[PDB]
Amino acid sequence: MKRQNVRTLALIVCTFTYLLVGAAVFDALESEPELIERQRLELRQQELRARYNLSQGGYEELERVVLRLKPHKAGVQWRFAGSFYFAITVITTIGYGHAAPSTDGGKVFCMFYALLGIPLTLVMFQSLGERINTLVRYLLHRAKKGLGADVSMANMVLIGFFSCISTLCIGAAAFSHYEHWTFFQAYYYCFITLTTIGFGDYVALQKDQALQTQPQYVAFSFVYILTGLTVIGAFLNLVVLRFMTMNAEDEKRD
């Protein structure tokens, strides 16, 4: 078998085993708490339905309204600040889903916007990420020469990994302050955001109508998401991007 064919199959076997292992661990950690919570909420639902004289249909009618009012609870999510925050979540592929296009026209424009947007954003983050690495490589060379000079890959991975921890922790500190979350919750939010996972379980600019009433904080969250993604982008550019071109290099060598 060819080196590319061995590498590709190894990666497929790795990913599928990583999924089985993950599924096994996530089962062990979340199965029983979910079954416990489901039973606890069902009892809490039966108590409230009895307390306010509510039937099966009566509860269901109130259920639809509460669920439909959830995206409105955070406030106006579609003015300039709301649409700019949403535009970020699309092109950066975070996509929290806190605000999603409710109209057919909005859904169409969103698809075309992403089609051209995501490549533009990826290229931009890899270009800016490279310039940051080139600056760090120069600064470290000047530091080595200054103190009393060659910058290695290992030195770059070290600065890179610490740069990532620094941005998650700086973010965590500020989001635990403004969103009134624990440092762990704000750290988990920052991790899920900057890895473009964006579950939407934690979303910034949702409390106390921040998108409309807090301009300073909306400006910070926009700056952090974009700068933070460049730090993660620069780390992938250094560690991960080299292995992607490797498959084409071996075919070029053939």
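The first residue of the shown sequence is 1; numbering continues from there.
Going from residue 148 to residue 149, you skip over 1 to 3 residues of the deposited sequence that the entry leaves unmodelled.
Taking the PDB entry as given, 64-72 carries the higher mean Cα B factor of the two stretches 184-192 and 64-72. Judged by mean Cα B factor in the deposited record, 150-158 ranks above the other of 150-158 and 117-125. Residues shown: 246, 231, 12, 19. Highest C-alpha temperature factor in the entry: 246.
The maximum CA B-factor among the listed residues 26, 224, 217, 52, taken from the PDB record, is found at 52.
The PDB entry assigns residue 108 a C-alpha temperature factor belonging to the lowest third of its chain's modelled residues. In the PDB entry, a CA B factor belonging to the middle third of its chain's modelled residues is recorded for residue 78. Ranked by C-alpha B-factor against the other modelled residues of its chain, residue 169 falls in the middle third.
For residue 200, the recorded CA B-factor ranks within the lowest third of the chain. Only modelled residues enter the ranking. The PDB entry assigns residue 138 a C-alpha temperature factor belonging to the highest third of its chain's modelled residues.
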